[PDB]
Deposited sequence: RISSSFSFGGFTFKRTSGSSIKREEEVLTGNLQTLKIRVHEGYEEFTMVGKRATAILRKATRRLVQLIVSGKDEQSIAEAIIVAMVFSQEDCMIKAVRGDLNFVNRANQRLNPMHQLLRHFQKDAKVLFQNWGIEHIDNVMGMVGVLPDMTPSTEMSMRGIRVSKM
């Protein structure tokens, strides 16, 4: 149990080792981040959203989100994309990362605030996939619009 981007995570399944790694942003900035290695399954519980995150080494496997509005769902998705530590998320940063709280934030909270400010490049470069339509699951598009046919890769919105 822990906390990240306004969400309480609880690992329900799996495990990982934490490995320090330098990554490179889409503006060619160098970040030192603690990379988690292994398949994991989390419960995410926020104030206006909840999600099930299944996850591997630098890869989002599946996110199933419920929320009280459009914004809250968009928050969970962003948090989960940052949390996954995926390189296409890291490559989607535009400009330099200079966020402050006058103290300088850590690389993960740096990427989190950047995408919370503008999610558009993140969403529009993540990738679309054809969906199956299993029970109670709808797709969400890069413009936050729902779909029964296409979705952002590994991202589902629960209608349950």
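Got a list of the deposited-sequence ranges with no coordinates? Residues missing from the model, as numbered along the full deposited sequence, span 1 to 4, 106 to 107.
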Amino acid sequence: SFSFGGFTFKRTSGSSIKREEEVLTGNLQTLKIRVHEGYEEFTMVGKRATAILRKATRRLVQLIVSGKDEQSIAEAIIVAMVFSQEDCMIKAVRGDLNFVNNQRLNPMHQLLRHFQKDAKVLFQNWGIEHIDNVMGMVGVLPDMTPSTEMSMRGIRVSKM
From here on, numbers count along this sequence of modelled residues.
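Looking at the other compared entries that model residues on both sides of it, is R34 unmodelled in at least a third of them? no, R34 modelled in all other entries.
Absent coordinates for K91 in a third or more of other compared entries: In none of the comparable entries (those modelling both sides of it) is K91 left without coordinates.
Should the higher mean CA B-factor in the entry be assigned to 86 to 94 or to 71 to 79? Mean B over CA atoms: larger for 86 to 94.
Comparing 139 to 147 with 17 to 25, which has the greater mean CA B-factor as deposited? Higher mean C-alpha B-factor: 17 to 25.
I'd like to know which of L111, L31, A119, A51 has the highest C-alpha temperature factor in the PDB entry. Of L111, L31, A119, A51, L31 has the highest C-alpha B-factor.
Checking the entry, which one of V45, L60, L105, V65 has the top C-alpha B factor? Answer for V45, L60, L105, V65: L105, with the highest C-alpha B-factor.
Looking at the C-alpha B-factor of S158, is it in the lowest, middle or highest third of its chain? According to the entry, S158 has a C-alpha B-factor in the chain's lowest third.
Sorting the chain's CA B-factors, does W126 end up in the lowest, middle or highest third? Tercile = middle for this residue's CA B-factor.
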